[PDB]
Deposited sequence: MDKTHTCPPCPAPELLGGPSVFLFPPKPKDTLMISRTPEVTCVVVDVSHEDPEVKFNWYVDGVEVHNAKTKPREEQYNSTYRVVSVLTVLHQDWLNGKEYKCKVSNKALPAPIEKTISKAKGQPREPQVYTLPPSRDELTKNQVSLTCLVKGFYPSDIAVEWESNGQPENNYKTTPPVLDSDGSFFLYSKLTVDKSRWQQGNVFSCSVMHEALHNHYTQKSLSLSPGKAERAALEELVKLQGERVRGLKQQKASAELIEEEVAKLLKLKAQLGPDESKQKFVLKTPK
């Protein structure tokens, strides 16, 4: 047993938002101080590529080196299921080691997002738990955050994806808030990114009483469409502005 090669996929969030840079990471561990040089060759569907960045080596606790190579990938390439291969050469190896990685294969399935208010039993406590169930998704690569009035909530934790009996995945995200914020009728939003959602995005809202969050969302859309009409009017025209006035009325 000489050096070992491990290959890690991009962060789920990075593959789904076009604004972010998804990268595959090739980690070589148990590199001897004797022969600590490592050459990486990268291949995309068998075709060699040259855009990989090499990180500086790091000392492991067992007085060996860990060496990392990071390859930027195209959103579409990763999601289309292109195979990424890392070939590692080192003098302490009889031959180069190859590892391969790609997105999980299988019929992608759209996540169903369900918000759950606090248990009546939990309303005795000073903090309450807002629950978001995300279920029936494939593959397991997913991102969940919480918002309140278009601003990120930071006091939440998400479970890892769990394999369901039907071969899809589910998880739960738990947002903790002061009971006062809940009782005041604030609207909280569970926001989910996944490859199988329209625009890779959905959100579900949740508040102390039923139609209040639905009414709130409708008013927000009215505001934005009003700004859109005002915008197009200040910009210039008449046909397109009329169509946007029909949207506002809807």
If a residue lacks a C-alpha atom here, it counts as unmodelled; so which stretches of the deposited sequence fall into that category?
1-16, 253-257, 272-287
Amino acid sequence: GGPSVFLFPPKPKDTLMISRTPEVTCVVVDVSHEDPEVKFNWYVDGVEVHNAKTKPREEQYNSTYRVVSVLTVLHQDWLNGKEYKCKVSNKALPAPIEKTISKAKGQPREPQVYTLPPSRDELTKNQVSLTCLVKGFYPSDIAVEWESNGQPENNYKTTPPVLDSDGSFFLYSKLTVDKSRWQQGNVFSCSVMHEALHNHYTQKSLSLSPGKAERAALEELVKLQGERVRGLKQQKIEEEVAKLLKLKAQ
From here on, numbers count along this sequence of modelled residues.
Stretch exceeding the other in mean C-alpha B-factor - 239-247, 4-12
239-247
Stretch exceeding the other in mean C-alpha B-factor - 72-80, 173-181
72-80
For the C-alpha B-factor as written in the entry, point me to the maximum among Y43, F40, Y61, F188.
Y61
Temperature factor at the Cα of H50, chain-ranked in thirds, falls in the middle
Hey, what third does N199 fall into on Cα B-factor, ranked over its chain?
middle
If you rank the chain by CA B-factor, which third does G106 end up in: lowest, middle or highest?
middle
For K87, return the chain-relative third of its C-alpha B-factor as stated in the PDB record: lowest, middle or highest.
middle
Ranked against its chain, the third holding the CA B-factor of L208:
middle
